[PDB]
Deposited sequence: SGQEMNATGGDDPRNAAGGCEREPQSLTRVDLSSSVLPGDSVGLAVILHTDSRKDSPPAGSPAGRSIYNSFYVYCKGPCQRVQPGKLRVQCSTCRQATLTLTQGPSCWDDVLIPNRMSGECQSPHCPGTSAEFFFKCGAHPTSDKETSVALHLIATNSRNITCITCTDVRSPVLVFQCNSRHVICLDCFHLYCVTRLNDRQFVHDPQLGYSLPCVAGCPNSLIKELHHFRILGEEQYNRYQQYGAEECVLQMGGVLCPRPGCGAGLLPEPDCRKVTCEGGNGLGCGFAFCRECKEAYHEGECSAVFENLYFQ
């Protein structure tokens, strides 16, 4: 697993690195969650390690009939425990061939490879700014299947980042803001409403027909408002 170069892979280390780091591919047994399973064959693509249960083996634990392999990643920047895992940022690759950043044209490493047809390559600096600026301007795209993402910076079709942990490049505070905005957008995409009472903003999913929306045990602020004008609930037409 270690010698596989599907050019090291990169994780987001939440601690103590708090950054994108070269990762280690490892594997446990998907049944007893112990790193005793031996792989039948090694993974050849990302799908082999990312798709659950895709690869098989034999858990060498005495009382375990585990056959399915569960791949996990660890930060390679320091010793990690057996369960001290990190999310794989599979779009990030060592820029071994010195591909120039689609945006700033500089050669940096590593880089993010957009899954557009052109496999557009962006340095992490530009990706960070691309993310920060698009976030602040509410330019992140909501996809009902994928979530709150960004396409290729070139704007290539069918290029929305699927692994949304890539937006870990936003740093902690902006990442949480991203998650917040995404959830808000999701609510609005599902035809819901954000509670308009100041210091609230609770995501609400009322009946599509309902005009009366009550921000109802400790979650809502109790404000009963009109869906349309967002003022205190009223009979008849708005204003």
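What gaps appear when the modelled C-alpha atoms are mapped onto the deposited sequence? Residues lacking C-alpha coordinates: 1 to 26, 33 to 68, 279 to 280, 304 to 312.
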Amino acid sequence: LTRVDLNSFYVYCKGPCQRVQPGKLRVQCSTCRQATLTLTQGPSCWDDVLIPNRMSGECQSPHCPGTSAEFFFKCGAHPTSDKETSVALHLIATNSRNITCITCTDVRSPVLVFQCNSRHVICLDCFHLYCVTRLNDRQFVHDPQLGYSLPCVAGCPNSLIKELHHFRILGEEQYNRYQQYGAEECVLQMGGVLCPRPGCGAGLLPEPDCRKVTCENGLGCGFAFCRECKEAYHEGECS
From here on, numbers count along this sequence of modelled residues.
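*asked:* Please compare 139 to 147 with 164 to 172 and name the stretch with the higher mean C-alpha B-factor in the deposited structure.
replied: According to the entry, 139 to 147 carries the higher average C-alpha B-factor.
For this session: Name the higher of the two by mean Cα B-factor in the PDB entry, 28 to 36 versus 191 to 199.
Result: Between 28 to 36 and 191 to 199, it is 28 to 36.
Q: Select lowest, middle or highest to describe the third in which the CA B-factor of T214 falls within its chain in this entry.
A: Middle third by C-alpha B-factor.
For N117, return the chain-relative third of its C-alpha B-factor as stated in the PDB record: lowest, middle or highest. It belongs to the highest third of the chain when residues are ordered by C-alpha B-factor.
- Among the modelled residues of its chain, does the C-alpha B-factor of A69 lie in the lowest, middle or highest third? Tercile = highest for this residue's CA B-factor.
**Position of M55 among the chain's modelled residues by C-alpha B-factor, lowest, middle or highest third** = It falls in the top third of the chain.
**OP:** Please place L205 in the lowest, middle or highest third of its chain by C-alpha B factor as given in the entry.
**Re:** According to the entry, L205 has a C-alpha B-factor in the chain's middle third.
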